[PDB]
């Protein structure tokens, strides 16, 4: 398990937080995940794990860049921020179900690798991306990761 690097996809709406926001911040906690399956995926992440930064709910959805996990999951304190969209009325200092990792910027791709293209490769047919819509933190297979990075290179040529 943690001795091997694993791969994930994290969805973010870019008008809220884009790959350029991560780039500017260099590292960021991954706050505001309020789906429990996604939360559990974050508890399964390890330091050094690779991350596809995916822009969702936008004109050009797709993979925008790359990040890397730099801290293991800890309590998502935005659940206690009464001014936050991600406020959870029933979370406590002592009983906060929400957890988050920190990630570091790795790469900002010149143009997004669109969802349409992701759905047009045999190698990607089994991505969770296509199955599971509420799942904002998803496992990516090693081959899926590899194929996607290859696609960015093809697009950049």
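Residue numbers count along the first chain shown, from 1.
- Checked against the record, the higher mean CA B factor of 54-62 and 31-39 lies with 54-62.
- Remark: stretch with higher mean C-alpha B factor among 94-102 and 63-71 is 94-102.
- Among 127, 45, 113, 107, the highest C-alpha B-factor recorded in the PDB entry belongs to 113.
- Residue-level temperature factors show residue 149 in the lowest third of its chain, judged at the C-alpha atom.
- Annotation for residue 140: C-alpha temperature factor in the lowest third relative to the rest of the modelled chain, per the entry.
- For residue 22, the recorded CA temperature factor ranks within the highest third of the chain's modelled residues.
- Looking at the C-alpha B-factors along this chain, the one for residue 81 belongs to the middle third.
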